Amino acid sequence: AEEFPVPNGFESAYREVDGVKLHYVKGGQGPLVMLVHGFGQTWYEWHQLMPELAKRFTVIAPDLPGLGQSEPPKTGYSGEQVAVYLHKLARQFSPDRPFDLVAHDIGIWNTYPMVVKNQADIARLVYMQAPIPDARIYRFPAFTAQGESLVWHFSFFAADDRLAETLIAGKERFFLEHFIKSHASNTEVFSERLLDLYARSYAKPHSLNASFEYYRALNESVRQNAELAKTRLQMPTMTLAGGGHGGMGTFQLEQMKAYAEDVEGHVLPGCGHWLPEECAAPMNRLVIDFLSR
């Protein structure tokens, strides 16, 4: 059945995009807002924001190709390839108006190329909790004086020999719980049930592989973005980042300043990586107000 419970007033549905069957959850009325999840998660990370946003917007939350209930991409996992699927999906529902885009973690990687190449289609942009793939990612440290670093998983997941799938298979729940909590400030929000739901979804063999193929394409995404970034983003943009353990801190806004002419940023003290869940109410408020103004 459904991997995650659908909110009242929303529908779980599918659309073929370039031969790939994409799953999404959709509700509401008005101009379109697309919410794009990241690693370890699915559309469901947005399930608290979606009903509030649906009071003023049509809201669509897709599963990334190969994750949740979406088929793997038939082209590839680089940012430019994946962004085609998400752009065409959004245009099926908002052909005559620009739409809003909210993205978390690798949802940024998988949307930035279509934002920069189709700027007239993007009304307002919200990015949270991950670098746009560029040379700045090569400066993050492998190890810190307090223990494990924030992004050593870039190398673990990008390694060949199916290193990550092979070590994590049979231990998917254990690994995801450790990964979520090592990047969280507020772990209490991750109940047994919620961890069970996310672990069952990404443990599907094609989804476990899909998860890491996004990282195996990361250097290709960096190289793609080096050319794309010659064009700055002109639409109103907001960045959000956690200020606590697991948070990107000032990096999110400071990077975005190099990409966007019109950008405002917020750092949320006491919040880590998983902003829609760790800090749902303030994150929801900031997104709703930014998109409603």
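Counting begins at 1, following the sequence as shown. Whichever C-alpha set is largest while still superposing within 1.5 Å between the two forms counts as the rigid core.
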Comparing 146 to 154 and 175 to 183 where Cα RMS over structures and residues is taken in 5 other deposited structures of this protein (core fit), larger one: 146 to 154
Would 8 to 16 or 277 to 285 have the larger average of its C-alpha temperature factors, as given in the entry? 8 to 16
Between 152 to 160 and 85 to 93, name whichever shows the higher mean Cα B factor according to the PDB entry. 85 to 93
Per the entry's Cα B factor values, which of 253, 67, 229, 36 stands out as the maximum? 229
For the listed residues 238, 61, 267, 260, which one has the largest C-alpha B-factor as given in the deposited model? 260
Of the three thirds of Cα B-factor ranks in this chain, residue 29 occupies the highest
Within this chain's modelled residues, let me know which third the CA B factor of residue 242 belongs to: lowest, middle or highest. lowest
The third of the chain into which the C-alpha temperature factor of residue 115 falls is the middle
Compared with the other modelled residues in the chain, in which third is the CA B-factor of residue 183? middle
Looking at the entry's B-factor column for C-alpha atoms only, identify whether residue 221 ranks in the lowest, middle or highest third of its chain. lowest
